[PDB]
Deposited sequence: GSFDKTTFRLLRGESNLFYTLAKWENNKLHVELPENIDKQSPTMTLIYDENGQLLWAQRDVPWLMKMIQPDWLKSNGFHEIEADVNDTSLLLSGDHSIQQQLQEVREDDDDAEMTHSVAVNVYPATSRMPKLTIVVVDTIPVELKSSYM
């Protein structure tokens, strides 16, 4: 329902990462903004350069063709994968346990903002992907 609002908010986080990043000696240097979101940074060929967290099941859901354009996406995660993603969020596990007990095949929806930054004199082309780790179904 809030697709444009959700994208605009996550794009703000993407832009913050971009301003703070540096490129030196053919390597990306990422500074964290002053987290309920998880950011992934790819180069112009879709190579992952930097990830805020290491989450293999989620990386497989970021479709390579998305990385060419600015846009909003949602990914559907199995509830047990969302649960693991939110392992450190002890307050939300009881709601997830209730979702799982209600339906073994439950899926959680995670918002995704894909943001493209053409190469400049100081930075190569980057695609910054910001994922909300809190699923839409549980943001209440």
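Unmodelled regions of the deposited chain, listed from N- to C-terminal end, are 1, 36-40, 147-149.
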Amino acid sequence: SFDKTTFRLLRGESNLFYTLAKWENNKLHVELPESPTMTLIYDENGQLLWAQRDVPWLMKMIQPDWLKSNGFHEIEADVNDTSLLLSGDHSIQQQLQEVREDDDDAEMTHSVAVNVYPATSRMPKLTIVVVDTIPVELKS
From here on, numbers count along this sequence of modelled residues.
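When 130-138 is weighed against 1-9, 1-9 comes out higher, by mean CA B-factor as recorded in the entry.
In this crystal structure, the stretch out of 41-49 and 97-105 whose C-alpha atoms carry the higher mean B factor is 97-105. Highest C-alpha temperature factor among 91, 82, 63, 70, as the PDB entry reports it: 91.
In the deposited entry, the Cα temperature factor of residue 25 sits in the top third of values across the chain's modelled residues.
Residue 86: CA B factor lies in the highest third for its chain, per the PDB record. For residue 58, the recorded CA B-factor ranks within the middle third of the chain. Only modelled residues enter the ranking.
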